[PDB]
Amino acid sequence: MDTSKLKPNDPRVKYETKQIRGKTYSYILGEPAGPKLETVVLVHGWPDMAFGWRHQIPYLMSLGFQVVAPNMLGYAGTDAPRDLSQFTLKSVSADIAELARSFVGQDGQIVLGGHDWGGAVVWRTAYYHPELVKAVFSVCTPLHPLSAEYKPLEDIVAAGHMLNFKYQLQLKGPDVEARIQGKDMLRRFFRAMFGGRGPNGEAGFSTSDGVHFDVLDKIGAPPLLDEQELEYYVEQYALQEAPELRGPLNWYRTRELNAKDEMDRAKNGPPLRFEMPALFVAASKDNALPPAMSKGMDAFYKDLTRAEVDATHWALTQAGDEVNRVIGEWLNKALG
C-alpha cells in the first residue's frame, strides 16, 4: 500500500455523500489495508476541507483503519444551511455521531480526530456522545470549558482579553464574505492563508485584523500548498453558492447560540470529563491557538497524552510525517 499523501482526486479513496440530519454531507472514505481495526472519523477546520487530512488519511488506512473524513457543514460538497443553529458545536457533533453510526452501526464506536474548529467539535462530540467515542484526539485546538456566561467578543477584546481571537470579528462580519467571491479571489485568499507573502513581506492574514484584503493581489506562492493542491482548494470551495465563504464563515457567527447550549450544561448537565483515551497535539508556532492556551487542560481528563510539534497552524501537512507518528504511536497504546 502507497502511504504518501493524497493527491487531488486520488484514486486510493472514495468520494461519497450521505444525507445526515437533514443535510447532504460529502466525505472522503478510505478502506483499511487488512482487516479493519477501527473506524476513524477526521474533522477539519477553517478554511480547510477533508483534503486537509491528506497526509493522515492513507497513513491511517495503511495502519488498518477505515477513515471517514467529511467536508464539514458549509464546506465544498457539503450543504451550507442558512440557519445558524445548524452550525453550533452541539448540532455538528450530532451530525458527526449520525454519520459515524452510519458506518459502525448504532451500537458501534469510533476513534475521532479533529484540527482547528474540528478540534473543538471532537471534544464536544466526546462530551455529548460518550457511547460512541472510543478514543479522541485534537491537533492545535485545546479544550475550552463549558460556557457559563455570554459576552460579545467585541466587549471581550475591547477589555484586552482573548486578543489572539480578534480576527474573528472581521470573519463574523460582512467584509470577508463580500470580498472573497469567485475563483480569482479564492485563489488569492488561499495563497494568503497558506503562507504566501508580498514583495515587501506583507502577510495576508493576522490574528489581530484577519484577512489583509489590500495585499491579496501581491501575495506570492504559498510555501504550504503546491500548485495543484492550491487549485484543488479553489475548485472545491467554488462548489459553494456565491458568496462562497458564507458557509465557512458561519462558524464564527455562533458564539451566542453555543453559549445558550453550554450554559444549560454548565448548570444542569454532567461536567466536562473525558474518561476515554485522549491525545492533544500542540503546534509551537500557531498564533491563533498557542500551546500556552492548553493551561489547565489536563484536569478534565482521566487519560490525556500530550505532544507538541514545531510547526505553524498547518501542522497536519507541514509536519505531516511527525503528526502521523505521534497519532499512530498513541493510538497503538490507547487501543492495546
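Residue numbers here begin at 1 and follow the sequence given.
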Item to complete: Pick between 216-224 and 77-85: the one whose mean CA B-factor in the entry is higher.
Response: 216-224
Item to complete: Output the stretch having the higher mean C-alpha B factor in the entry; the candidates are 60-68 and 288-296.
Response: 288-296
Worksheet item: Whose C-alpha has the highest temperature factor in the PDB entry: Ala50, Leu37, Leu272, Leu29?
Response: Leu272
Fill in: Candidate set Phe137, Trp251, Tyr150, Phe165 [ranked by C-alpha B-factor, highest]
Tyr150
Worksheet entry | Assigned third (lowest, middle, highest) for the C-alpha B factor of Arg325 | highest
Worksheet item: By its CA B factor, does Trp46 count among the lowest, middle or highest third of the modelled residues in the chain?
Response: lowest
Discussion item. Using only modelled residues of the chain, where does the Cα B factor of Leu112 rank: lowest third, middle third or highest third?
Written reply: lowest
Item to complete: Quick one: classify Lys183 as lowest, middle or highest third of the chain based on its Cα B-factor.
Response: highest
Fill in: Among modelled residues of the same chain, the CA temperature factor third for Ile20
lowest
